[PDB]
Amino acid sequence: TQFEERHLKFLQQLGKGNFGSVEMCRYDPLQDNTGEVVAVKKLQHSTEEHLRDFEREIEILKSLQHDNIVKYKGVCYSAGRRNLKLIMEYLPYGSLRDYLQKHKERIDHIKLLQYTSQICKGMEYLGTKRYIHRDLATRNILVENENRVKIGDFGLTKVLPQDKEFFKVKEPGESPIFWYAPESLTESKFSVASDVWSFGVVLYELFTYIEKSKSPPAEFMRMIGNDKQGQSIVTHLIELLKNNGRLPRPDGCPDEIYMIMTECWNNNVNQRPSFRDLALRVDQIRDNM
Ligand SMILES: Cc1[nH]nc2[nH]c(=O)cc(-c3ccccc3)c12
C-alpha cells in the first residue's frame, strides 16, 4: 500500500476526474515488466483545499471493502514525498456510460438488472458507513467485466453526522442538476434518500442504453425548452419536478422497471424505497423468469 514513484510505469491516460487526471500504470518493483496494472489518480492543483479534499477521498476509499466498490490499493508520495497520488484498481471496460454505448452487442435486460442489483448492494454497504455518495450516474460507475460493475467517484462523498439524516452542502456550484433530488436542488440537502433518487436516474440511463437523444440532460432540456440558458434552466427543472414532471419510460423498458424508477422519484423523501428494498425487488425480478 506504499508504492514507489520510480516503479510506477505509465501505460495510458484514462478519464480526467475532478481532482485531476487518471492514468493506467504498471507497478513493477522487480523492474522487468511483470507487475500489477493499476489506476493512478493525480491532483492538478494541490492547494490547501484541493489536498484536504483529495485526502478525504483517500480515507473514504481506504475504509470501504465490497465487491461492487472500486478497490483502494495505496498511495504514492512522488516528487520526494512532496506530491501524492492515489493508487486504485484498474477496471478495463471504463465507465458504465461508455460501456453501454460501446458494447451493446453483449448487453441485454438481464445484464442491466445484474448491474442494477450490484449498484444497489454497493449503496447498501455505503449506508452502513453513513456515507452519502451525492454523484451516482453511469459516468461514475466502472465496469470490470460483462458480469461486474463497481461504484467509483468518491470525490463528492460525505459522512452524515452522528444523528443527522441529511447533509447540507454549503453551495453546490456546477452540479449535475439532472440527477439531483428536488430537495437537493431547492435546499442543498443530501441524504441516503437523495442517493435513491439519483439511483432512479441511473436505472433510467441503463434502460435508455445511453442512446442519442434520451440522456437525462437531453430529455429534461426537451421538456423545459431547449432554448433556455443559465439559471432559467434550474428554475424550470425545479418547477417541473415539483409538479410531477418526470423522465419518460425508455423504449422497450418493462412497466415493472419504470415503476421502480417512479418510486425512487418521489418528492416525498420518506416514501422513497431503501437500497435494501431495491436490491430485493430487482433480484426477485431476475429470479422469477
Ligand atoms: C479509477 C479507475 N479505475 N479504473 C478505471 N478505468 C477507467 O477506464 C477509468 C477510470 C477512471 C475513473 C475516474 C476518473 C477517470 C478515470 C478508472
Side-chain angles (χ1 to χ4, degrees), residues 1-3 5 7-28 35-46 50-51 53-78 83-107 111 115 118-119 122-123 125-126 131-158 174-176 179 195 198-199 201-202 205-206 210 215:
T1 68
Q2 214 206 52
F3 291 81
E5 71 174 324
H7 298 314
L8 255 199
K9 299 301 190 182
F10 173 80
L11 296 175
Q12 194 79 166
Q13 285 292 339
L14 303 165
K16 192 151 198 199
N18 307 269
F19 286 105
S21 48
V22 187
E23 306 171 327
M24 188 209 304
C25 289
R26 203 183 64 264
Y27 191 61
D28 179 15
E36 190 163 49
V37 180
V38 300
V40 180
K41 192 157 192 294
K42 306 203 271 201
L43 219 193
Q44 254 214 294
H45 320 91
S46 173
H50 273 258
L51 190 55
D53 286 348
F54 196 37
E55 290 170 296
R56 202 179 59 249
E57 178 174 9
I58 294 161
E59 295 300 340
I60 283 154
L61 203 57
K62 180 161 58 177
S63 83
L64 306 163
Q65 286 180 25
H66 190 277
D67 289 352
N68 314 115
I69 295 166
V70 65
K71 287 182 185 323
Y72 171 81
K73 294 185 131 287
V75 300
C76 177
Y77 302 96
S78 51
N83 196 21
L84 91 168
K85 292 173 186 154
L86 165 62
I87 317 302
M88 293 168 290
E89 84 181 307
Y90 179 62
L91 302 201
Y93 287 110
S95 76
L96 187 43
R97 200 251 266 112
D98 296 329
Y99 186 68
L100 292 165
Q101 297 184 74
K102 292 194 297 186
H103 292 289
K104 270 194 256 293
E105 78 277 338
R106 68 187 82 172
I107 306 171
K111 288 276 154 207
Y115 308 156
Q118 288 175 7
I119 296 161
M123 291 308 309
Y125 179 79
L126 264 67
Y131 298 159
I132 314 312
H133 187 286
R134 310 183 46 237
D135 206 36
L136 283 184
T138 67
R139 65 177 172 271
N140 299 327
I141 298 157
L142 293 166
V143 188
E144 189 185 353
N145 60 58
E146 56 172 23
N147 308 325
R148 177 85 79 87
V149 305
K150 310 205 191 179
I151 306 166
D153 172 57
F154 294 88
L156 291 181
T157 296
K158 304 289 182 171
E174 184 247 309
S175 297
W179 277 261
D195 279 341
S198 293
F199 161 83
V201 186
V202 167
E205 291 188 79
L206 289 165
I210 320 299
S215 80

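Residue numbers start at 1 and run along the sequence shown. In listed order, ligands and their atoms are each counted from 1.
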message: Can you report which non-hydrogen protein atom sits closest to atom 13 (C) of ligand 1, along with the distance?
response: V22 CG2, 4.3 Å
- request: Over 60° means perpendicular and under 30° means parallel, so classify the ring planes of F19 and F54, tilted if in between.
  value: tilted
message: Return the closest protein heavy atom for atom 1 (C) of ligand 1 as residue, atom name and distance.
response: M88 CE, 3.6 Å
- request: Identify whether the distance between the nearest side-chain nitrogen and carboxylate oxygen of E23 and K42 falls below 4.0 Å.
  value: yes
- request: Please round to the nearest 0.5 Å and tell me the distance separating atom CD1 of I58 and atom CE of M88.
  value: 9.5 Å
- prompt: Should you measure from each heavy atom of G15, which atoms of ligand 1 turn up under 4.0 Å away?
  reply: 15 (C), 16 (C)
query: Given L86, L61, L91, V38, which has its nearest heavy atom closest to atom 6 (N) of ligand 1?
result: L91
- prompt: At a non-hydrogen distance cut-off of under 4.0 Å, which region of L142 contacts ligand 1 (side chain, backbone, both, or neither)?
  reply: side chain
- request: Name the closest protein heavy atom to atom 3 (N) of ligand 1, giving the residue it belongs to and the distance to 0.1 Å.
  value: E89 O, 3.0 Å
- request: Identify, by atom number and element, the atoms of ligand 1 in contact range of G94, meaning under 4.0 Å from any of its heavy atoms.
  value: 7 (C), 8 (O)
query: CD1/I119 to CG/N68 distance, rounded to the nearest 0.5 angstrom?
result: 8.5 Å
message: Counting only heavy atoms closer than 4.0 Å, does ligand 1 sit against the backbone of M24, its side chain, both, or neither?
response: neither
- line: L8 and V40 have their tightest heavy-atom pair at CD1-CG2, 3.8 Å
Side-chain ion pair, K150 and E144, N-O less than 4.0 Å: yes
